[PDB]
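Participant: Can you read through this structure? Questions will come right after.
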Amino acid sequence: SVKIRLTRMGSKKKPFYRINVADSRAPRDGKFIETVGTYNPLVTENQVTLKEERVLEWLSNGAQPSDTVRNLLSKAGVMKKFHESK
Amino acid sequence: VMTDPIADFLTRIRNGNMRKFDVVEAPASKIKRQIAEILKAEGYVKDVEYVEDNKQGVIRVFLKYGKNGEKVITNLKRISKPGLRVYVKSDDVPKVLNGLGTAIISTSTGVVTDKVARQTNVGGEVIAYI
Amino acid sequence: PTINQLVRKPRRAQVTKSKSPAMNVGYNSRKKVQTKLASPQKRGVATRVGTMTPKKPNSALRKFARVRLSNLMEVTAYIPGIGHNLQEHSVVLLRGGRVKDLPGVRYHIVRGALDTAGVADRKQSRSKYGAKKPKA
Amino acid sequence: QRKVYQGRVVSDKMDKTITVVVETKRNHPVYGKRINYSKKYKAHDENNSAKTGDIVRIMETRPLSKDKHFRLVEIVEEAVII
Amino acid sequence: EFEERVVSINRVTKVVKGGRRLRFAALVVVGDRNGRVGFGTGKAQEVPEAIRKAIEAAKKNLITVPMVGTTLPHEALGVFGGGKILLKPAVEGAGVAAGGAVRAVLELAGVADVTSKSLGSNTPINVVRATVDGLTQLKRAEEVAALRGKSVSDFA
Amino acid sequence: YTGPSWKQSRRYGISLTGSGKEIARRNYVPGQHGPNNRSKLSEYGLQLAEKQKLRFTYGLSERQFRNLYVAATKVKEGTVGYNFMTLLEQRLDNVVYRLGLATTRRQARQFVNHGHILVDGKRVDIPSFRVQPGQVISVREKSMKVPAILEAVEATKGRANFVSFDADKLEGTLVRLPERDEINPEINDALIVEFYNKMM
RNA sequence: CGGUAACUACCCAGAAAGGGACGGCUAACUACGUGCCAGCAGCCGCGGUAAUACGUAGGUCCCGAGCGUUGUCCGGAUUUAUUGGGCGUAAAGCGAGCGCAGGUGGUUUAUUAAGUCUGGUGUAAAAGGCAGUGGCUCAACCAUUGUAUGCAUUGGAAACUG
RNA sequence: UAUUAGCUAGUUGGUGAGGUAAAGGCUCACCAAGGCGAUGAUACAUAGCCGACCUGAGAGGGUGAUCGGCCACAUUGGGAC
């Protein structure tokens with residue numbers, strides 16, 4: 001029911017994602033709930049805003065991260081924290 | 001009519017000082033005693049006295065002049081008309097005449113002065129400037 | 001100015017008149033009282049340049065075109081400049097313009113238009129009345 | 001259950017419903033003085049204990065039926081007819 | 001001798017019996033940019049004659065506003081018929097924000113900035129009188145320390 | 001763009017330090033009204049006169065000027081005129097022009113605009129690059145051997161305040177910023193600000 | 001989007017500035033056919049013999065890859081004047097009385113805190129301002145980061161009103 | 001827009017039943033007659049609304065473009081799985 005995705009926000013050749021917890025129904029550019037963090041992969045480089053708290057709230061509720069969002073959580077150790085709750 | 005002895009009284013002070021004469025009049029309240037009290041303390045009149053047994057006791061008041069009966073009070077007015085009990089905030093109570101004017105406001109504590117009304121975060125009814 | 005009077009009272013106004021009564025131009029579907037999305041022009045038609053008598057004491061003679069208006073209004077608007085090439089069944093642009101010396105007008109005509117030629121190097125803009133920057 | 005209003009009824013005749021006057025002084029942005037305004041709320045009567053002068057109080061609950069939005073349950077103010 | 005500004009030559013007439021006598025009038029403002037401003041009027045036939053009369057009248061009614069450091073004492077007003085000029089001290093030194101017939105006034109008085117539109121009329125012969133009145137309404141801080149009867153620490 | 005200066009040179013008699021050269025004889029606007037007489041101005045005429053001397057003396061455009069001049073009308077710290085005329089030096093051709101190397105600001109704007117002088121790793125195509133103090137200005141040796149620069153710009157000269165003048169490498173570093181204490185033509189916020197910025 | 005912006009070898013000053021405006025009204029007038037003629041114009045207007053009005057060249061006045069024109073709207077306009085009107089004559093006091101609502105309230109004792117001021121609570125996902133950061137360079141603006149808010153509900157204040 | 005006066009018949013209460021995810025004339029049956037409204041109810045024109053945004057020093061005026069939210073719609077009208 002609940003997801004976590006990016007946000008396309010940028011130029012013709014300088015995009016800028018912004019991670020927002022979402023749904024299957026949620027417009028990825030329009031209607032939202034609340035964004036968590038602002039992201040830019042390859043400039044300059046591996047740039048991210050992280051708080052690692054509301055992802056734990058919406059994983060207590062259960063969400064779905066994206067590609068680089070999920071891999072960002074493997075780059076955040078909270079999946080190893082799911083080994084810890086495990 | 002009787003429904004504004006406040007601006008009736010301040011208007012009467014403008015009769016006394018603009019007519020450059022000695023004594024103005026006011027029936028007995030507590031609020032007018034605070035008017036001549038606070039403004040006598042700020043140096044604008046020279047008496048605090050009323051008729052000793054009357055609920056309409058004439059607060060007859062000698063004024064505080066300049067040097068030849070010269071005026072001190074010029075822009076005397078009641079701010080809050082009887083048709084409008086003026087209810088302002090407490091935090092940005094504004095300056096008067098860029099500081100050159102009085103201010104008197106019935107705050108939740110009492111009826112206090114300009115900067116005491118400003119920075120004590122007390123607020124109430126705006127009454128009168130000069 | 002009592003309590004109820006100064007509450008009944010709005011900030012009302014009554015003088016509200018834009019100078020262009022305009023059905024410009026337009027979107028001719030079936031009914032055409034479509035209003036208002038006004039142009040500074042008309043992609044419409046007019047018929048004939050007539051001659052207008054000016055005011056006192058303006059001894060002159062000025063050229064108004066018999067303006068077709070589908071909205072029941074003036075068969076006139078002013079043709080600026082010396083001379084004109086148009087005739088009946090010609091699309092006529094519509095300047096929003098007024099001259100006190102020209103009676104019975106509301107509008108002018110855009111001379112210096114798609115249907116207009118002239119002589120350039122004019123001391124005002126070189127290019128109105130049907131002209132350009134001179135290609136020699 | 002939650003909220004509250006107050007005022008005299010217009011019609012103390014109906015069954016399981018009765019209205020209320022409202023005093024609420026709310027602002028005119030030009031004039032500044034907060035002005036009285038009388039909203040009306042026809043709702044519950046317990047035993048149709050209707051009297052001129054009294055004031056019943058609302059309940060934010062299930063509406064009774066059509067037009068009966070609160071449940072005017074508790075008569076907190078009780079006056080006497082003249 | 002004062003620092004000079006010329007407002008306008010006026011347009012007035014004398015109507016003689018068998019015709020129309022060309023009457024001539026003018027109005028200048030003078031002063032030495034310190035708070036002292038005068039104004040003159042020429043009721044004559046020609047331009048330097050109205051300069052003569054312009055200093056005959058400009059030499060008097062030239063008084064001093066209590067200039068509290070190129071500023072105003074506080075917000076004042078001038079009313080004389082249709083001259084209705086409310087003058088406002090504000091942030092100063094960053095642009096002489098005035099009307100045409102009063103920008104010369106705070107030039108010849110030396111105020112850094114003002115905030116002065118006008119209401120009523122832009123009639124200059126009431127603008128100058130409302131300008132004199134707008135200087136006239138001013139009590140000052142040495143009087144509120146002094147004439148009020150107590151050295152009040154809003155200025156101290 | 002690149003217009004003459006019969007206005008600066010003739011309608012004021014002074015082409016100030018956007019060029020700097022006092023012009024020679026016949027200070028009227030010539031052709032017609034050259035042998036003829038003078039004219040007058042008003043407060044509009046010196047709003048006019050001051051905006052054209054400070055604007056059109058330099059090489060500034062009015063689009064960039066009034067847009068970045070409202071951007072000089074940003075803050076409300078009392079007299080904003082320090083923030084106005086302080087942003088007269090922060091264009092790079094004025095910085096080299098106050099290094100004294102280029103004859104005019106138009107020369108440093110030319111041969112700095114060409115991408116000759118590579119100011120810290122960028123092929124410079126804006127000589128109105130907004131200058132921050134305490135930074136160096138890297139100058140390419142190819143530019144240092146341009147024969148127009150070797151004729152005039154590398155042909156060294158005196159130097160103003162507020163920078164550091166590397167005569168060997170023809171460089172500079174903005175030490176402080178010039179101001180009303182430093183530069184003084186008849187700069188008036190009433191004239192230029194009350195000619196442009198909501199005329200007031 | 002791709003040999004993509006960037007970079008070297010940079011070619012010749014050679015390939016690459018025009019538009020509006022000049023009676024004032026606000027800065028820019030003399031050759032100038034005219035002759036109230038043709039025309040110009042937002043207002044005052046003009047042109048009837050040398051018109052800085054116009055056609056007209058030169059000089060100029062402001063701008064720019066945009067100029068100017070009207071079409072709309074805001075301001076000035078306080079021209080509905082809460083801020084920020086007037087009513088004797090210039091527009092205006094009913095043709096005068098009542099006593100319906102409605103409005104306003106002599107003084108004072110105390111309560112009340114309703115309104116009034118203070119604290120907690122809601123507030124635009126945002127985007128947007130006041131600042132800062134980086135950046136398509138620096139530009140402009142974008143990306144970011146905070147700041148700034150009856151959005152609300154709840155303790156206190158009896159100084160005013162109720 | 002009161003040169004937009006009297007308006008309202010399931011109208012408004014009560015009971016029952018059907019429905020619904022649910023109190024609820026939500027419907028429907030029956031029995032009661034109210035109620036609204038001259039401090040604007042109905043009828044007519046007009047309108048997608050809001051955050052926002054252009055202008056005005058602000059007060060504000062003005063717009064709802066593009067962006068985001070809600071609402072509504074799917075040649076037209078109406079049903080229903």
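Lettering and numbering for the structure tokens are positional, with chains as A, B, ... in the shown order, residues counted from 1 in each chain, and ligands counted from 1 in the shown order.
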Please, which residues of chain B lie no more than 9 Å from chain D when the count uses only C-alpha atoms, and can they be set out as a compact mmCIF listing (two decimals) with N, CA and C atoms, in the first residue's frame?

Facilitator:
```txt
# COMPACT_ATOMS: atom_id res chain seq x y z
N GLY B 83 -18.03 53.78 20.03
CA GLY B 83 -18.44 52.78 19.07
C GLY B 83 -17.40 51.74 18.75
N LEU B 84 -16.20 51.81 19.35
CA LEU B 84 -15.15 50.86 19.02
C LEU B 84 -14.19 50.74 20.21
N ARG B 85 -14.38 49.70 21.02
CA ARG B 85 -13.42 49.34 22.05
C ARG B 85 -12.19 48.75 21.37
N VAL B 86 -11.13 49.55 21.24
CA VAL B 86 -9.96 49.18 20.45
C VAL B 86 -9.15 48.10 21.17
```

Participant: Pull out every residue of chain H that has at least one atom within 10 Å of chain A, counting only C-alpha atoms (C1' of nucleotides), and report them as a list in words.

Facilitator: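 Close enough to count are residues 67, 68 and 69 of chain H.
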
Participant: Which polymer residues have any atom within 8 Å of an atom of residue B:71, counting only C-alpha atoms (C1' of nucleotides), with same-chain residues fewer than 2 positions away left out, as a tab-separated table (two decimals) with N, CA and C atoms, in the first residue's frame?

Facilitator:
```tsv
chain	number	residue	atom	x	y	z
B	17	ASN	N	-6.70	74.42	27.60
B	17	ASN	CA	-5.36	74.79	27.16
B	17	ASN	C	-5.40	75.56	25.85
B	18	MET	N	-6.30	75.19	24.94
B	18	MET	CA	-6.44	75.98	23.72
B	18	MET	C	-7.11	77.31	24.00
B	20	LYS	N	-6.48	78.49	26.86
B	20	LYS	CA	-5.36	78.97	27.68
B	20	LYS	C	-5.80	79.37	29.09
B	65	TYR	N	1.62	74.21	32.40
B	65	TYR	CA	1.76	75.00	31.20
B	65	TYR	C	3.19	74.97	30.69
B	66	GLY	N	3.50	75.88	29.77
B	66	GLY	CA	4.84	76.05	29.28
B	66	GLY	C	5.55	77.14	30.04
B	69	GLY	N	1.75	80.51	30.21
B	69	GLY	CA	0.53	79.77	29.95
B	69	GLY	C	0.60	78.96	28.68
B	73	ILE	N	0.14	70.28	25.78
B	73	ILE	CA	-0.71	69.28	25.16
B	73	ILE	C	-1.26	69.85	23.87
B	74	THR	N	-0.99	69.19	22.75
B	74	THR	CA	-1.48	69.67	21.46
B	74	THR	C	-2.44	68.69	20.80
```

Participant: At most 10 Å is the cut-off: for each residue in chain G with any atom that close to an atom of chain B, write down the nearest atom pair and the distance in Å rounded to one decimal, counting only C-alpha atoms (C1' of nucleotides), chain first then increasing number, as a tab-separated table.

Facilitator:
```
residue	atom	partner	partner_atom	distance
G:103	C1'	B:83	CA	9.1
G:104	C1'	B:3	CA	7.3
G:105	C1'	B:3	CA	5.0
G:106	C1'	B:2	CA	7.1
G:107	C1'	B:55	CA	4.5
G:108	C1'	B:55	CA	7.1
G:115	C1'	B:87	CA	9.0
G:116	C1'	B:124	CA	6.0
G:117	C1'	B:123	CA	4.3
G:118	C1'	B:121	CA	7.0
G:157	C1'	B:108	CA	4.9
G:158	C1'	B:108	CA	7.6
G:159	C1'	B:110	CA	3.8
G:160	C1'	B:106	CA	6.1
G:161	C1'	B:85	CA	7.0
```

Participant: Residues at most 12 Å from residue E:92, counting only C-alpha atoms (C1' of nucleotides), excluding those fewer than 4 positions away in the same chain, as an MDAnalysis selection string?

Facilitator: (chainID E and resid 68:72 88 96:97 106 110:115) or (chainID F and resid 76:81 189:190)

Participant: Give the strand (DSSP E or B) residues of stretch 89-154 of chain E, as DSSP finds them on the backbone, and put them as a ChimeraX atom specification.

Facilitator: /E:97-98,115-116,119-120

Participant: Looking at A:25, A:85, A:43, A:79, which one is nearest to residue A:65, with distances taken over only C-alpha atoms?

Facilitator: A:79

Participant: Would you list which chain E residues are within 12 Å of chain G using only C-alpha atoms (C1' of nucleotides), as a PDB file with N, CA, C and O atoms, in the first residue's frame?

Facilitator:
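The resulting file, out.pdb, is reproduced below:
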```pdb
ATOM      1  N   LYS E  84      -2.298  70.523   1.382  1.00  0.00           N
ATOM      2  CA  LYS E  84      -2.418  69.546   2.462  1.00  0.00           C
ATOM      3  C   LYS E  84      -1.236  68.596   2.330  1.00  0.00           C
ATOM      4  O   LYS E  84      -1.284  67.636   1.554  1.00  0.00           O
ATOM      5  N   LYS E 117       4.300  63.032   0.185  1.00  0.00           N
ATOM      6  CA  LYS E 117       3.340  63.329  -0.861  1.00  0.00           C
ATOM      7  C   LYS E 117       2.529  64.551  -0.433  1.00  0.00           C
ATOM      8  O   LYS E 117       2.816  65.193   0.580  1.00  0.00           O
ATOM      9  N   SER E 118       1.497  64.881  -1.196  1.00  0.00           N
ATOM     10  CA  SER E 118       0.556  65.903  -0.769  1.00  0.00           C
ATOM     11  C   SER E 118      -0.859  65.470  -1.106  1.00  0.00           C
ATOM     12  O   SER E 118      -1.078  64.691  -2.037  1.00  0.00           O
ATOM     13  N   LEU E 119      -1.808  65.967  -0.332  1.00  0.00           N
ATOM     14  CA  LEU E 119      -3.217  65.861  -0.658  1.00  0.00           C
ATOM     15  C   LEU E 119      -3.787  67.262  -0.835  1.00  0.00           C
ATOM     16  O   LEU E 119      -3.069  68.264  -0.775  1.00  0.00           O
ATOM     17  N   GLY E 120      -5.092  67.327  -1.066  1.00  0.00           N
ATOM     18  CA  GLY E 120      -5.714  68.602  -1.345  1.00  0.00           C
ATOM     19  C   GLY E 120      -5.458  69.037  -2.772  1.00  0.00           C
ATOM     20  O   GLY E 120      -6.085  68.525  -3.702  1.00  0.00           O
ATOM     21  N   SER E 121      -4.544  69.984  -2.957  1.00  0.00           N
ATOM     22  CA  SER E 121      -4.171  70.455  -4.282  1.00  0.00           C
ATOM     23  C   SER E 121      -2.661  70.570  -4.401  1.00  0.00           C
ATOM     24  O   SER E 121      -1.948  70.757  -3.413  1.00  0.00           O
TER      25      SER E 121
END
```

Participant: Tell me, as an NGL selection string, which residues lie within 12 Å of residue H:54, counting only C-alpha atoms (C1' of nucleotides); anything in the same chain fewer than 3 positions away does not count.

Facilitator: (:G and (73-75)) or (:H and (61-65))

Participant: Determine, counting only C-alpha atoms (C1' of nucleotides), which protein, DNA and RNA residues have an atom within 10 Å of an atom of residue C:71; residues of the same chain fewer than 2 positions away are not included. Present the result as a PyMOL selection string.

Facilitator: chain C and resi 21-24+32-33+68-69+73-74

Participant: Generate a file of the selected residues that holds C-alpha atoms, formatted as a CSV table (one decimal), in the first residue's frame.

Facilitator:
```csv
chain,number,residue,atom,x,y,z
C,21,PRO,CA,-16.9,47.6,-26.7
C,22,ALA,CA,-15.5,44.6,-28.4
C,23,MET,CA,-16.8,41.4,-30.0
C,24,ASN,CA,-13.2,40.9,-31.2
C,32,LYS,CA,-21.2,35.1,-31.4
C,33,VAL,CA,-22.2,37.3,-28.5
C,68,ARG,CA,-18.7,46.7,-40.5
C,69,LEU,CA,-19.6,45.9,-36.9
C,73,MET,CA,-22.3,49.8,-33.5
C,74,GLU,CA,-20.6,52.5,-35.5
```

Participant: In Å, with one decimal, what is the gap from atom CA of residue C:27 to atom CA of residue C:45?

Facilitator: 14.9 Å

Participant: Just asking: which residues within stretch 36-152 of chain E are alpha helix (DSSP H) according to DSSP, as a PyMOL selection string?

Facilitator: chain E and resi 47-58+100-109+124-136+141-146

Participant: For the residues in the current selection, export N, CA and C atoms as a short mmCIF file (atom, residue, chain, number, x, y, z; two decimals), in the first residue's frame.

Facilitator:
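Written output follows (again_28.cif):
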```
data_model
loop_
_atom_site.label_atom_id
_atom_site.label_comp_id
_atom_site.auth_asym_id
_atom_site.auth_seq_id
_atom_site.Cartn_x
_atom_site.Cartn_y
_atom_site.Cartn_z
N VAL E 47 10.90 89.70 -15.72
CA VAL E 47 11.55 88.62 -14.98
C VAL E 47 12.57 89.11 -13.95
N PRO E 48 13.58 89.96 -14.26
CA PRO E 48 14.47 90.39 -13.17
C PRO E 48 13.82 91.37 -12.21
N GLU E 49 12.73 92.02 -12.62
CA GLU E 49 11.91 92.77 -11.68
C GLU E 49 11.27 91.84 -10.67
N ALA E 50 10.83 90.67 -11.13
CA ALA E 50 10.32 89.68 -10.20
C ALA E 50 11.44 88.97 -9.45
N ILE E 51 12.69 89.10 -9.89
CA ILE E 51 13.81 88.66 -9.06
C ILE E 51 14.06 89.67 -7.95
N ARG E 52 13.94 90.96 -8.29
CA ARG E 52 14.01 92.05 -7.32
C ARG E 52 12.95 91.90 -6.24
N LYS E 53 11.69 91.76 -6.66
CA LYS E 53 10.62 91.53 -5.70
C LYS E 53 10.71 90.15 -5.09
N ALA E 54 11.34 89.21 -5.79
CA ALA E 54 11.48 87.86 -5.27
C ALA E 54 12.47 87.81 -4.12
N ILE E 55 13.43 88.73 -4.09
CA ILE E 55 14.29 88.82 -2.92
C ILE E 55 13.75 89.85 -1.93
N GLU E 56 12.90 90.78 -2.38
CA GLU E 56 12.19 91.65 -1.45
C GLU E 56 11.25 90.86 -0.55
N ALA E 57 10.62 89.82 -1.09
CA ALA E 57 9.78 88.96 -0.27
C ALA E 57 10.52 87.73 0.22
N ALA E 58 11.55 87.29 -0.51
CA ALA E 58 12.34 86.16 -0.06
C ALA E 58 13.22 86.50 1.13
N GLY E 100 7.70 68.00 -6.10
CA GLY E 100 8.54 68.96 -6.79
C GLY E 100 8.70 70.27 -6.03
N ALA E 101 7.61 70.80 -5.49
CA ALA E 101 7.68 72.08 -4.80
C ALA E 101 8.07 71.95 -3.34
N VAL E 102 8.53 70.78 -2.90
CA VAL E 102 8.93 70.60 -1.51
C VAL E 102 10.29 69.90 -1.48
N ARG E 103 10.70 69.35 -2.62
CA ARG E 103 12.06 68.82 -2.73
C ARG E 103 13.07 69.95 -2.65
N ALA E 104 12.72 71.11 -3.21
CA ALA E 104 13.48 72.33 -2.96
C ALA E 104 13.43 72.73 -1.49
N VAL E 105 12.34 72.40 -0.79
CA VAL E 105 12.23 72.81 0.61
C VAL E 105 13.19 72.02 1.49
N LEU E 106 13.18 70.68 1.39
CA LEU E 106 14.17 69.98 2.20
C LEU E 106 15.57 70.05 1.61
N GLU E 107 15.73 70.53 0.38
CA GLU E 107 17.04 70.98 -0.06
C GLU E 107 17.50 72.19 0.75
N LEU E 108 16.68 73.25 0.76
CA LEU E 108 17.03 74.50 1.42
C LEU E 108 16.88 74.43 2.93
N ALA E 109 16.38 73.32 3.46
CA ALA E 109 16.34 73.05 4.89
C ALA E 109 17.34 71.99 5.31
N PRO E 124 0.85 75.61 -5.96
CA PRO E 124 2.12 75.89 -5.26
C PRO E 124 2.02 77.01 -4.23
N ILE E 125 1.11 77.97 -4.44
CA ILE E 125 0.94 79.07 -3.50
C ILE E 125 0.23 78.63 -2.22
N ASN E 126 -0.37 77.44 -2.21
CA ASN E 126 -0.78 76.82 -0.97
C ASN E 126 0.17 75.72 -0.52
N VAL E 127 1.00 75.20 -1.44
CA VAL E 127 2.03 74.24 -1.08
C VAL E 127 3.07 74.88 -0.18
N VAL E 128 3.49 76.11 -0.50
CA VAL E 128 4.50 76.77 0.31
C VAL E 128 3.94 77.14 1.69
N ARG E 129 2.67 77.53 1.75
CA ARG E 129 2.06 77.89 3.03
C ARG E 129 1.83 76.66 3.89
N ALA E 130 1.38 75.56 3.27
CA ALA E 130 1.29 74.29 3.97
C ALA E 130 2.66 73.73 4.32
N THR E 131 3.70 74.18 3.64
CA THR E 131 5.04 73.74 3.98
C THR E 131 5.54 74.48 5.21
N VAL E 132 5.27 75.79 5.27
CA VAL E 132 5.53 76.59 6.46
C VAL E 132 4.75 76.04 7.65
N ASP E 133 3.51 75.63 7.42
CA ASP E 133 2.71 75.04 8.49
C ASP E 133 3.25 73.68 8.91
N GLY E 134 3.69 72.89 7.93
CA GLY E 134 4.30 71.60 8.21
C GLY E 134 5.60 71.70 8.97
N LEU E 135 6.30 72.82 8.85
CA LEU E 135 7.38 73.09 9.78
C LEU E 135 6.86 73.67 11.09
N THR E 136 5.68 74.30 11.07
CA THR E 136 5.20 75.06 12.22
C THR E 136 4.66 74.15 13.32
N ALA E 141 12.51 67.90 20.91
CA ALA E 141 12.86 67.02 22.01
C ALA E 141 13.47 67.78 23.18
N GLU E 142 14.10 68.92 22.91
CA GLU E 142 14.58 69.76 23.99
C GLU E 142 13.43 70.44 24.71
N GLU E 143 12.29 70.61 24.04
CA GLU E 143 11.11 71.12 24.72
C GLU E 143 10.40 70.00 25.48
N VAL E 144 10.38 68.78 24.94
CA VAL E 144 9.73 67.71 25.70
C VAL E 144 10.59 67.33 26.89
N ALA E 145 11.89 67.59 26.83
CA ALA E 145 12.70 67.56 28.04
C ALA E 145 12.50 68.82 28.87
N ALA E 146 12.14 69.93 28.24
CA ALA E 146 12.19 71.23 28.91
C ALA E 146 10.81 71.84 29.13
#
```
